[PDB]
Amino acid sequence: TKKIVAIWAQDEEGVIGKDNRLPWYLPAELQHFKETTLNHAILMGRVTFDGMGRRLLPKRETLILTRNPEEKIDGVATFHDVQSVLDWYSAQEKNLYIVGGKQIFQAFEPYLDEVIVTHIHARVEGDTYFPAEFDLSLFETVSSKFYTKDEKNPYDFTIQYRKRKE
């Protein structure tokens, strides 16, 4: 039942970030993020955390990965290496969602059970892309859904759930 899942959103070319934030705004996609991670743990890099104004998502067990030994935010648990997070994960039952920052996605690739990827049907300008060396072939699409754009969500997008091929 328990698993480590990577979840991210990207444009048509793999863009995931710009100026420490996301180069788009789609409340409906954020809603999907909320429903998926609700009542679970999420691990994000220190940069992405600061990028979102250090906001603590309600009903989410927030885990921050940093190399700063003096880093200490109230409301969140700090981790300084991958092994530490894996030990934490094994000592509990909740699913663990790798939520972001290209470096974090790269660091956890070997331990991923599944990926939930949102393909935004648009092309934007970004300075950070999903890891091009990430081997998505080891995964298989189990389900997906198309979300039609509207006033508040200017770009169409699709969400795919892909499990690790046996």
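Start at 1 with the first residue shown and count on from there.
- Taking the PDB entry as given, 132-140 carries the higher mean Cα B factor of the two stretches 100-108 and 132-140.
- Taking the PDB entry as given, 66-74 carries the higher mean Cα B factor of the two stretches 66-74 and 33-41.
- Of the candidates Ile120, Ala28, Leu57, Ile116, it is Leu57 whose Cα B-factor is highest according to the PDB record.
- For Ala91, the recorded CA B-factor ranks within the highest third of the chain. Only modelled residues enter the ranking.
- Per the deposited record, the Cα B-factor of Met52 falls in the highest third when ranked against the other modelled residues of its chain.
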